[PDB]
>>> print(open('work-v3.cif').read())   # mmCIF, C-alpha atoms and all ligand atoms
data_coords
#
loop_
_atom_site.label_atom_id
_atom_site.label_comp_id
_atom_site.auth_asym_id
_atom_site.auth_seq_id
_atom_site.Cartn_x
_atom_site.Cartn_y
_atom_site.Cartn_z
CA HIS A 982 121.73 77.88 76.25
CA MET A 983 119.38 80.12 74.24
CA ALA A 984 118.29 77.78 71.46
CA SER A 985 116.96 75.26 74.03
CA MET A 986 115.30 77.75 76.40
CA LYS A 987 111.72 76.64 77.11
CA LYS A 988 108.50 78.66 77.54
CA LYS A 989 106.00 78.06 80.30
CA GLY A 990 102.65 76.79 79.23
CA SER A 991 99.33 78.53 79.54
CA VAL A 992 96.89 78.20 82.39
CA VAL A 993 94.15 75.80 81.25
CA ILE A 994 90.52 75.59 82.31
CA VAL A 995 89.96 71.95 83.30
CA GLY A 996 86.53 72.16 84.95
CA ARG A 997 84.11 74.33 86.85
CA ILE A 998 82.20 74.62 90.09
CA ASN A 999 78.61 74.43 88.97
CA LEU A 1000 76.41 76.88 90.92
CA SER A 1001 73.59 77.11 88.35
CA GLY A 1002 71.05 74.96 90.23
CA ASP A 1003 70.10 73.96 93.79
CA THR A 1004 73.28 71.88 94.33
CA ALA A 1005 76.91 72.98 94.03
CA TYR A 1006 79.16 70.38 92.39
CA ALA A 1007 82.50 70.16 90.62
CA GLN A 1008 82.63 69.12 86.97
CA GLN A 1009 85.75 68.10 85.10
CA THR A 1010 85.88 69.18 81.46
CA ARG A 1011 89.44 68.11 80.53
CA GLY A 1012 91.64 65.19 81.68
CA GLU A 1013 95.37 65.30 82.41
CA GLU A 1014 96.67 64.55 78.89
CA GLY A 1015 94.38 67.09 77.20
CA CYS A 1016 95.33 69.62 79.84
CA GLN A 1017 99.04 69.15 79.11
CA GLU A 1018 98.50 69.48 75.32
CA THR A 1019 96.31 72.57 75.72
CA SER A 1020 98.84 74.20 78.06
CA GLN A 1021 101.51 73.80 75.38
CA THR A 1022 99.50 75.16 72.43
CA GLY A 1023 97.40 77.67 74.35
CA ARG A 1024 94.51 76.62 72.12
CA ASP A 1025 91.43 75.55 74.06
CA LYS A 1026 88.34 74.95 71.94
CA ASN A 1027 86.12 73.84 74.85
CA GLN A 1028 82.97 75.80 75.60
CA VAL A 1029 83.31 77.67 78.88
CA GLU A 1030 80.34 78.04 81.20
CA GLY A 1031 79.76 79.44 84.66
CA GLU A 1032 81.37 81.85 87.12
CA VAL A 1033 83.99 79.67 88.85
CA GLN A 1034 86.51 77.74 86.78
CA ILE A 1035 88.92 75.04 87.89
CA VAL A 1036 92.29 75.83 86.34
CA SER A 1037 95.65 74.11 86.07
CA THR A 1038 99.25 74.66 85.16
CA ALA A 1039 101.80 71.83 84.67
CA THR A 1040 102.38 71.69 88.42
CA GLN A 1041 99.34 73.16 90.20
CA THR A 1042 95.57 73.31 90.19
CA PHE A 1043 93.43 76.05 91.68
CA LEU A 1044 90.36 78.21 90.93
CA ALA A 1045 89.52 81.33 88.93
CA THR A 1046 86.44 83.52 89.28
CA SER A 1047 84.78 85.86 86.77
CA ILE A 1048 83.77 89.27 88.15
CA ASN A 1049 82.80 92.21 85.89
CA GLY A 1050 84.03 90.64 82.69
CA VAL A 1051 87.47 89.59 84.01
CA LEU A 1052 88.53 86.08 85.03
CA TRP A 1053 90.54 86.57 88.22
CA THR A 1054 92.93 84.29 90.07
CA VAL A 1055 95.99 84.30 92.34
CA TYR A 1056 99.49 85.22 91.22
CA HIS A 1057 100.95 82.47 93.39
CA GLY A 1058 99.18 79.96 91.09
CA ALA A 1059 99.24 81.63 87.66
CA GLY A 1060 102.35 83.80 87.80
CA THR A 1061 102.49 85.89 84.61
CA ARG A 1062 101.10 83.07 82.43
CA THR A 1063 98.77 83.41 79.51
CA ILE A 1064 95.47 81.51 79.56
CA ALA A 1065 94.46 79.10 76.81
CA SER A 1066 91.51 80.17 74.63
CA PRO A 1067 89.86 79.19 71.34
CA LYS A 1068 92.08 81.65 69.48
CA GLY A 1069 95.33 80.83 71.30
CA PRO A 1070 97.09 82.20 74.38
CA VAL A 1071 95.60 85.33 75.97
CA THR A 1072 97.88 87.71 77.87
CA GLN A 1073 96.96 88.93 81.34
CA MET A 1074 95.04 92.18 81.46
CA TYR A 1075 95.93 92.71 85.16
CA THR A 1076 98.94 91.54 87.17
CA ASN A 1077 99.57 92.58 90.77
CA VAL A 1078 102.02 90.49 92.76
CA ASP A 1079 101.54 92.74 95.81
CA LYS A 1080 97.83 91.81 95.98
CA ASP A 1081 98.48 88.22 94.76
CA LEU A 1082 96.05 89.00 91.92
CA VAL A 1083 95.96 88.42 88.16
CA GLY A 1084 93.19 88.64 85.59
CA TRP A 1085 92.43 87.92 81.96
CA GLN A 1086 89.48 88.98 79.85
CA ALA A 1087 86.63 86.66 80.80
CA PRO A 1088 86.20 83.77 78.33
CA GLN A 1089 83.24 83.88 75.94
CA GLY A 1090 80.51 81.76 77.51
CA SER A 1091 81.49 82.53 81.08
CA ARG A 1092 79.12 84.33 83.46
CA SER A 1093 80.38 87.05 85.76
CA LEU A 1094 79.55 87.73 89.36
CA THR A 1095 78.68 91.30 90.37
CA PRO A 1096 80.66 93.09 93.09
CA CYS A 1097 78.74 93.20 96.37
CA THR A 1098 77.41 96.57 97.55
CA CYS A 1099 75.48 95.11 100.51
CA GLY A 1100 78.11 96.01 103.15
CA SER A 1101 77.14 92.69 104.86
CA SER A 1102 79.40 90.40 106.99
CA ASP A 1103 77.74 86.97 106.54
CA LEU A 1104 79.78 85.30 103.72
CA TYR A 1105 80.19 81.97 101.91
CA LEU A 1106 83.42 80.48 100.54
CA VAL A 1107 83.24 78.10 97.55
CA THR A 1108 86.00 75.45 97.38
CA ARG A 1109 87.37 73.40 94.47
CA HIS A 1110 85.39 70.44 95.80
CA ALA A 1111 82.20 72.55 95.65
CA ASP A 1112 81.88 72.84 99.40
CA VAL A 1113 80.09 76.04 100.44
CA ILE A 1114 81.65 77.10 103.76
CA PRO A 1115 80.07 79.82 105.94
CA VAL A 1116 82.56 82.59 106.80
CA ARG A 1117 81.97 85.53 109.15
CA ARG A 1118 83.75 88.63 107.91
CA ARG A 1119 86.25 89.85 110.52
CA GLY A 1120 88.05 92.65 108.67
CA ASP A 1121 88.74 94.10 105.24
CA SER A 1122 90.57 90.93 104.12
CA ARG A 1123 89.79 88.32 106.79
CA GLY A 1124 86.97 86.01 107.75
CA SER A 1125 86.60 83.25 110.31
CA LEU A 1126 85.46 79.71 109.55
CA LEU A 1127 82.41 78.81 111.60
CA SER A 1128 83.77 75.24 111.51
CA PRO A 1129 87.60 74.99 111.30
CA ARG A 1130 89.11 72.70 108.65
CA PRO A 1131 92.46 71.00 108.06
CA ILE A 1132 94.46 72.95 105.47
CA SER A 1133 94.22 69.84 103.22
CA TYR A 1134 90.54 70.74 102.73
CA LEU A 1135 91.31 74.26 101.45
CA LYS A 1136 94.40 73.55 99.37
CA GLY A 1137 93.76 74.19 95.68
CA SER A 1138 90.92 76.64 96.30
CA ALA A 1139 92.85 79.90 96.04
CA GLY A 1140 91.24 82.02 93.33
CA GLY A 1141 87.73 80.96 94.32
CA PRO A 1142 85.03 83.33 95.55
CA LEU A 1143 83.66 84.55 98.80
CA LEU A 1144 80.01 85.47 98.22
CA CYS A 1145 77.35 87.42 100.18
CA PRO A 1146 73.87 85.96 100.93
CA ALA A 1147 72.54 87.35 97.62
CA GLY A 1148 75.37 85.75 95.61
CA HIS A 1149 77.47 88.87 94.91
CA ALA A 1150 81.27 88.64 94.90
CA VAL A 1151 82.82 89.89 98.14
CA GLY A 1152 86.37 88.61 97.62
CA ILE A 1153 88.83 86.13 96.13
CA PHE A 1154 90.31 83.47 98.44
CA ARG A 1155 94.07 84.07 98.81
CA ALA A 1156 95.50 82.34 101.90
CA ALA A 1157 94.56 80.17 104.90
CA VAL A 1158 95.20 81.38 108.45
CA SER A 1159 96.39 78.19 110.06
CA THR A 1160 98.08 76.78 113.13
CA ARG A 1161 99.16 73.15 113.52
CA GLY A 1162 97.63 72.39 110.11
CA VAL A 1163 94.17 73.66 111.11
CA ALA A 1164 92.65 76.66 109.38
CA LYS A 1165 90.43 78.83 111.60
CA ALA A 1166 90.24 81.77 109.21
CA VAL A 1167 90.84 82.84 105.64
CA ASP A 1168 92.52 85.78 104.00
CA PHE A 1169 90.99 87.15 100.81
CA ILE A 1170 91.42 89.92 98.26
CA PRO A 1171 88.40 92.18 98.82
CA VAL A 1172 86.31 92.90 95.76
CA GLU A 1173 86.86 96.65 96.30
CA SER A 1174 90.55 96.03 95.70
CA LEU A 1175 89.65 94.35 92.39
CA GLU A 1176 87.41 97.29 91.52
CA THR A 1177 90.31 99.70 92.20
CA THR A 1178 92.60 97.55 90.03
CA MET A 1179 89.96 97.83 87.27
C1 LIG A 1201 99.08 85.17 104.58
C2 LIG A 1201 99.09 84.40 105.90
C3 LIG A 1201 98.04 84.96 106.85
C4 LIG A 1201 100.47 84.44 106.55
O1 LIG A 1201 98.73 83.04 105.65
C5 LIG A 1201 99.48 82.17 104.78
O2 LIG A 1201 100.42 82.61 104.14
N1 LIG A 1201 99.04 80.93 104.72
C6 LIG A 1201 99.53 79.98 103.75
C7 LIG A 1201 99.21 78.57 104.24
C8 LIG A 1201 99.69 77.49 103.27
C9 LIG A 1201 99.08 76.13 103.61
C10 LIG A 1201 97.97 75.72 102.63
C11 LIG A 1201 96.72 76.58 102.80
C12 LIG A 1201 95.58 76.07 101.94
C13 LIG A 1201 94.98 76.82 101.00
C14 LIG A 1201 95.43 78.24 100.72
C15 LIG A 1201 94.48 79.08 99.86
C16 LIG A 1201 95.84 78.69 99.30
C17 LIG A 1201 95.79 77.70 98.17
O3 LIG A 1201 94.93 76.83 98.13
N2 LIG A 1201 96.71 77.84 97.22
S1 LIG A 1201 96.70 76.82 95.99
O4 LIG A 1201 97.00 75.48 96.47
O5 LIG A 1201 95.46 76.87 95.25
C18 LIG A 1201 97.96 77.29 94.99
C19 LIG A 1201 97.96 76.78 93.56
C20 LIG A 1201 97.58 78.23 93.84
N3 LIG A 1201 96.85 79.73 99.31
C21 LIG A 1201 98.09 79.48 99.72
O6 LIG A 1201 98.53 78.35 99.91
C22 LIG A 1201 98.94 80.68 100.04
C23 LIG A 1201 100.12 80.87 99.10
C24 LIG A 1201 101.16 81.53 99.97
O7 LIG A 1201 100.78 82.88 100.21
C25 LIG A 1201 101.15 83.85 99.23
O8 LIG A 1201 101.84 83.54 98.27
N4 LIG A 1201 100.69 85.06 99.45
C26 LIG A 1201 101.03 86.22 98.62
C27 LIG A 1201 100.24 87.31 99.29
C28 LIG A 1201 100.19 88.64 98.92
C29 LIG A 1201 99.39 89.50 99.67
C30 LIG A 1201 98.68 89.02 100.78
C31 LIG A 1201 98.76 87.67 101.13
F1 LIG A 1201 98.06 87.20 102.18
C32 LIG A 1201 99.54 86.84 100.36
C33 LIG A 1201 99.78 85.37 100.56
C34 LIG A 1201 101.03 80.81 101.29
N5 LIG A 1201 99.58 80.54 101.36
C35 LIG A 1201 98.85 80.22 102.43
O9 LIG A 1201 97.63 80.10 102.35
ZN ZN A 1202 75.83 91.55 98.23
#
>>> encode(input="work-v3.cif", output="structure tokens")
Amino acid sequence: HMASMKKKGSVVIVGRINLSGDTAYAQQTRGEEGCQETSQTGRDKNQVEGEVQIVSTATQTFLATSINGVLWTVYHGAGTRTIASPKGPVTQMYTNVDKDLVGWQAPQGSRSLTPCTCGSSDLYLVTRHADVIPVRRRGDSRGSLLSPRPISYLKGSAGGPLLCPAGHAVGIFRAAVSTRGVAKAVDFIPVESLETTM
């Protein structure tokens, strides 16, 4: 009944993949209880840093990547949710279920990647565990893993970036191409598709 109808919480930034130095590593910035509270209020006072955030809802955790002043992630993780911010919940600026893509204005303190113009096919996927996995581009939205991985290894990394050698954004990881639980390739939203959305 109407009086007891609930609202979904906000997406909450709970960590980042630190790419600032010579070593990529995951950092947690909020534990489970704080995450739950922040999802409910939508008020996140934490300082945000970096290009790749680790984000959570009540039920899932995944990644989000800042490119050209927008924090992007997958619809299959975020749905239509707001994101928590210092001033309360922030509404999506982009939503496209057909691309599996959503975006919010990039948090103050975040750094954005630049869309790649290199037209190069040697790529690098960054996972939620801060693994940097070489990927050979095989089409507009596909790349092959030079070393195949169990899908367990990739789960929770949707929303993270594929980067070129010079560190530009080439795409956003969307889905694993897998057989018998082994991923040989990845499917990604190309950055040009983001640029068109913008
Ligand atoms: C498309 C194809 C070739 C048939 O393959 C697959 O459908 N494969 C599966 C394999 C699943 C096994 C785990 C794989 C491990 C990691 C996967 C990266 C990941 C993830 O980590 N999510 S998450 O845990 O962070 C989660 C919290 C955010 N995404 C998924 O699971 C996605 C989600 C779902 O797909 C979609 O809803 N759409 C909507 C699309 C719209 C347009 C185009 C698309 F392609 C779209 C794909 C199935 N998914 C796969 O990957
Ligand atoms: Zn580039």
>>> closest_residue(input="work-v3.cif", among="A:1080, A:1165, A:1110, A:989", to="ligand LIG 1201 (chain A)", atoms="all atoms listed in the file")
A:1080
>>> residues_near_ligand(input="work-v3.cif", ligand="ligand ZN 1202 (chain A)", cutoff="8 Å", atoms="all atoms listed in the file", output="VMD selection string")
chain A and resid 1096 to 1101 1144 to 1151
>>> closest_residue(input="work-v3.cif", among="A:1136, A:1026, A:1062, A:1118", to="ligand LIG 1201 (chain A)", atoms="all atoms listed in the file")
A:1136
>>> residues_around(input="work-v3.cif", residues="residue 1073 in chain A", least_positions_apart="4", cutoff="9 Å", atoms="only C-alpha atoms", output="ChimeraX atom specification")
/A:1061-1064,1083-1086
>>> residues_near_ligand(input="work-v3.cif", ligand="ligand LIG 1201 (chain A)", cutoff="7 Å", atoms="only C-alpha atoms and all ligand atoms", output="compact mmCIF listing (two decimals) with C-alpha atoms, in the coordinates of the input")
# COMPACT_ATOMS: atom_id res chain seq x y z
CA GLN A 1041 99.34 73.16 90.20
CA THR A 1042 95.57 73.31 90.19
CA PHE A 1043 93.43 76.05 91.68
CA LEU A 1044 90.36 78.21 90.93
CA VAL A 1055 95.99 84.30 92.34
CA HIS A 1057 100.95 82.47 93.39
CA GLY A 1058 99.18 79.96 91.09
CA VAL A 1078 102.02 90.49 92.76
CA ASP A 1079 101.54 92.74 95.81
CA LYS A 1080 97.83 91.81 95.98
CA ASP A 1081 98.48 88.22 94.76
CA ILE A 1132 94.46 72.95 105.47
CA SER A 1133 94.22 69.84 103.22
CA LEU A 1135 91.31 74.26 101.45
CA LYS A 1136 94.40 73.55 99.37
CA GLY A 1137 93.76 74.19 95.68
CA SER A 1138 90.92 76.64 96.30
CA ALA A 1139 92.85 79.90 96.04
CA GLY A 1140 91.24 82.02 93.33
CA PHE A 1154 90.31 83.47 98.44
CA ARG A 1155 94.07 84.07 98.81
CA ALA A 1156 95.50 82.34 101.90
CA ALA A 1157 94.56 80.17 104.90
CA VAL A 1158 95.20 81.38 108.45
CA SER A 1159 96.39 78.19 110.06
CA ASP A 1168 92.52 85.78 104.00
>>> residues_around(input="work-v3.cif", residues="residue 1176 in chain A", least_positions_apart="5", cutoff="10 Å", atoms="all atoms listed in the file", output="list in words")
residues 1048, 1049, 1096 and 1171 of chain A
>>> residues_around(input="work-v3.cif", residues="residue 1112 in chain A", least_positions_apart="6", cutoff="9 Å", atoms="all atoms listed in the file", output="list in words")
residues 1005, 1006 and 1106 of chain A
>>> residues_around(input="work-v3.cif", residues="range 1012-1021 of chain A", least_positions_apart="5", cutoff="6 Å", atoms="all atoms listed in the file", output="list in words")
residues 990, 991 and 993 of chain A
>>> atom_distance(input="work-v3.cif", atom1="CA of residue 992 in chain A", atom2="CA of residue 1113 in chain A")
24.8 Å
>>> closest_residue(input="work-v3.cif", among="A:1009, A:1038, A:1125, A:1022", to="residue 1069 in chain A", atoms="all atoms listed in the file")
A:1022
>>> decode(input="work-v3.cif", residues="range 1113-1142 of chain A", atoms="N, CA, C and O atoms", output="compact mmCIF listing (two decimals), in the first residue's frame")
# COMPACT_ATOMS: atom_id res chain seq x y z
N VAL A 1113 45.34 -5.06 -14.30
CA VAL A 1113 45.39 -4.41 -15.59
C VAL A 1113 45.61 -5.50 -16.63
O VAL A 1113 46.68 -6.12 -16.66
N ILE A 1114 44.57 -5.77 -17.41
CA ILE A 1114 44.51 -6.96 -18.29
C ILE A 1114 44.65 -6.51 -19.75
O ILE A 1114 43.83 -5.74 -20.24
N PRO A 1115 45.68 -6.99 -20.46
CA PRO A 1115 45.81 -6.63 -21.87
C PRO A 1115 44.67 -7.20 -22.71
O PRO A 1115 44.32 -8.37 -22.55
N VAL A 1116 44.10 -6.36 -23.57
CA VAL A 1116 42.98 -6.73 -24.44
C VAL A 1116 43.27 -6.25 -25.86
O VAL A 1116 43.56 -5.06 -26.07
N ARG A 1117 43.20 -7.15 -26.83
CA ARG A 1117 43.35 -6.78 -28.23
C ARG A 1117 41.98 -6.44 -28.79
O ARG A 1117 41.07 -7.25 -28.73
N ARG A 1118 41.83 -5.23 -29.31
CA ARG A 1118 40.56 -4.83 -29.88
C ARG A 1118 40.24 -5.68 -31.10
O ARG A 1118 41.10 -5.87 -31.97
N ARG A 1119 39.01 -6.20 -31.16
CA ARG A 1119 38.58 -7.10 -32.22
C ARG A 1119 37.39 -6.59 -33.01
O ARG A 1119 37.05 -7.16 -34.04
N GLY A 1120 36.76 -5.52 -32.55
CA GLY A 1120 35.68 -4.86 -33.27
C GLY A 1120 35.32 -3.57 -32.59
O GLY A 1120 36.00 -3.14 -31.65
N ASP A 1121 34.23 -2.95 -33.01
CA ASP A 1121 33.77 -1.72 -32.38
C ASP A 1121 33.56 -1.88 -30.87
O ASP A 1121 33.90 -0.99 -30.10
N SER A 1122 33.03 -3.01 -30.44
CA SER A 1122 32.63 -3.19 -29.04
C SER A 1122 33.17 -4.48 -28.42
O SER A 1122 32.67 -4.93 -27.39
N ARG A 1123 34.19 -5.06 -29.04
CA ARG A 1123 34.74 -6.33 -28.55
C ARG A 1123 36.25 -6.31 -28.50
O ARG A 1123 36.90 -5.70 -29.34
N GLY A 1124 36.79 -7.03 -27.52
CA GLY A 1124 38.22 -7.26 -27.45
C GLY A 1124 38.49 -8.62 -26.84
O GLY A 1124 37.73 -9.10 -26.00
N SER A 1125 39.59 -9.24 -27.26
CA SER A 1125 39.96 -10.55 -26.75
C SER A 1125 40.95 -10.43 -25.60
O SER A 1125 41.85 -9.58 -25.61
N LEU A 1126 40.81 -11.31 -24.62
CA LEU A 1126 41.76 -11.41 -23.53
C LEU A 1126 42.95 -12.21 -24.00
O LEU A 1126 42.80 -13.30 -24.55
N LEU A 1127 44.14 -11.66 -23.80
CA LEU A 1127 45.36 -12.35 -24.21
C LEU A 1127 45.57 -13.59 -23.34
O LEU A 1127 46.06 -14.62 -23.81
N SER A 1128 45.14 -13.50 -22.07
CA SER A 1128 45.02 -14.67 -21.19
C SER A 1128 43.57 -14.78 -20.68
O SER A 1128 43.11 -13.91 -19.93
N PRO A 1129 42.86 -15.85 -21.07
CA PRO A 1129 41.48 -16.02 -20.60
C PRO A 1129 41.37 -16.18 -19.08
O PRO A 1129 42.29 -16.68 -18.43
N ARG A 1130 40.23 -15.77 -18.54
CA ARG A 1130 40.00 -15.75 -17.09
C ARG A 1130 38.65 -16.38 -16.76
O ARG A 1130 37.70 -16.24 -17.53
N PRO A 1131 38.53 -17.02 -15.59
CA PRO A 1131 37.20 -17.41 -15.14
C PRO A 1131 36.32 -16.18 -14.95
O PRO A 1131 36.83 -15.13 -14.54
N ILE A 1132 35.02 -16.29 -15.18
CA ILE A 1132 34.15 -15.12 -15.06
C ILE A 1132 34.15 -14.55 -13.63
O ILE A 1132 33.91 -13.36 -13.44
N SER A 1133 34.47 -15.39 -12.64
CA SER A 1133 34.63 -14.95 -11.24
C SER A 1133 35.59 -13.76 -11.11
O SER A 1133 35.43 -12.94 -10.21
N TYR A 1134 36.61 -13.74 -11.96
CA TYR A 1134 37.68 -12.75 -11.93
C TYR A 1134 37.18 -11.39 -12.43
O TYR A 1134 37.70 -10.35 -12.03
N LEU A 1135 36.19 -11.42 -13.32
CA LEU A 1135 35.70 -10.20 -13.97
C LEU A 1135 34.46 -9.63 -13.31
O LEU A 1135 34.12 -8.47 -13.52
N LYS A 1136 33.74 -10.47 -12.59
CA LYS A 1136 32.48 -10.09 -11.96
C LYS A 1136 32.69 -8.92 -11.02
O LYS A 1136 33.61 -8.93 -10.19
N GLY A 1137 31.84 -7.91 -11.17
CA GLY A 1137 31.96 -6.70 -10.36
C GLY A 1137 32.84 -5.64 -10.98
O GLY A 1137 33.10 -4.62 -10.35
N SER A 1138 33.29 -5.85 -12.22
CA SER A 1138 34.10 -4.84 -12.90
C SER A 1138 33.39 -4.09 -14.01
O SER A 1138 33.98 -3.20 -14.61
N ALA A 1139 32.13 -4.41 -14.27
CA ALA A 1139 31.37 -3.62 -15.24
C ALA A 1139 31.36 -2.17 -14.79
O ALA A 1139 31.26 -1.89 -13.59
N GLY A 1140 31.46 -1.26 -15.75
CA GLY A 1140 31.61 0.15 -15.47
C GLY A 1140 33.03 0.66 -15.45
O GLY A 1140 33.25 1.87 -15.47
N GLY A 1141 34.01 -0.26 -15.43
CA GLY A 1141 35.41 0.12 -15.44
C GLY A 1141 35.90 0.39 -16.86
O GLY A 1141 35.21 0.11 -17.84
N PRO A 1142 37.11 0.94 -16.98
CA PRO A 1142 37.60 1.40 -18.26
C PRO A 1142 38.41 0.38 -19.03
O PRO A 1142 39.10 -0.46 -18.45
